[PDB]
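First, one chain by itself: the form deposited without N-dimethyl-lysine (MLY), in structure tokens.
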């Protein structure tokens, strides 16, 4: 007897997070996933977002796919939705002037898609599969203040270092490019030059900036000849309207192949804390409300992905009865 949301909600006297609370891209279930095992493509390294690698479709599940970094260990495999903006068709880097980190074994200048496909007897994922208007007012080289996602109490001197379709790459000046992240104008993690000063919050200057206590934006902009992103470009998104106890579906962070029945455990203006029904609180996690790996109830069913029901009552890792 199939698990259903309808039955569960009745048993629990619970409600779902309405579809209207989600971004269209989190909610859309009627798109076909045309990706197939073995198809090759290009994509950002999710753990080093300024970098591009050749990827192979290693698995397809509903509207999701597992991607493998050609030549490298399976330990780096990762899952995306078929509407991910972080993947691109073969030829994208050459067409757009980006650099490729070639497959393990390969030198960069010797990489050719035509030869690679020959050598691997593989096909490139067709272009029509890929979702990826400019972000108005955001251009490469402009400066801003941004939250370091790896150190979230810090608001920092940052630069736009790339623009791809509707998004841009946020870079922390003179810091490791592994702190980079992709963004759009509505991000709550970014602010105009001078925001910290106006808020009475400390600003983290560029790494090793001489006399960092006397860092001054006007001098720094003069030094670099860079412009600030204009204030008009920043488009404040409203706080989300998820409420505690609302039910939804979320990818498991420990085993990202899995999606589970989930509840809103806590809320901030722009983030929700997920609890997996039936589980210990040890696994609860905070996630951005626009994160691609949360979805409304029914998403798995409608897209053909399995949904893990709540953990049974006296199981290891289970919550109190």
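Residue numbers count along the first chain shown, from 1.
The following text describes the form solved in complex with N-dimethyl-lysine (MLY), which does not appear among the structures shown.
Taking the partner from the other structure, N-dimethyl-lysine (MLY) in the deposited complex has a heavy atom within 4.5 Å of a heavy atom of residue 175. Residue 156 belongs to the set of residues with a heavy atom inside 4.5 Å of N-dimethyl-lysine (MLY) in the deposited complex. In the deposited complex, at least one heavy atom of residue 179 sits within 4.5 Å of a heavy atom of N-dimethyl-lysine (MLY). At a distance threshold of 4.5 angstroms between non-hydrogen atoms, residue 86 is out of contact with N-dimethyl-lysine (MLY) in the deposited complex. Between N-dimethyl-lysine (MLY) and the residues 162, 148, 77, 184, the one pair within 4.5 Å by heavy atoms in the deposited complex involves 148. Only one of 214-222, 148-156, 87-95, 68-76 places residue heavy atoms within 4.5 angstroms of N-dimethyl-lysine (MLY) in the deposited complex, namely 148-156.
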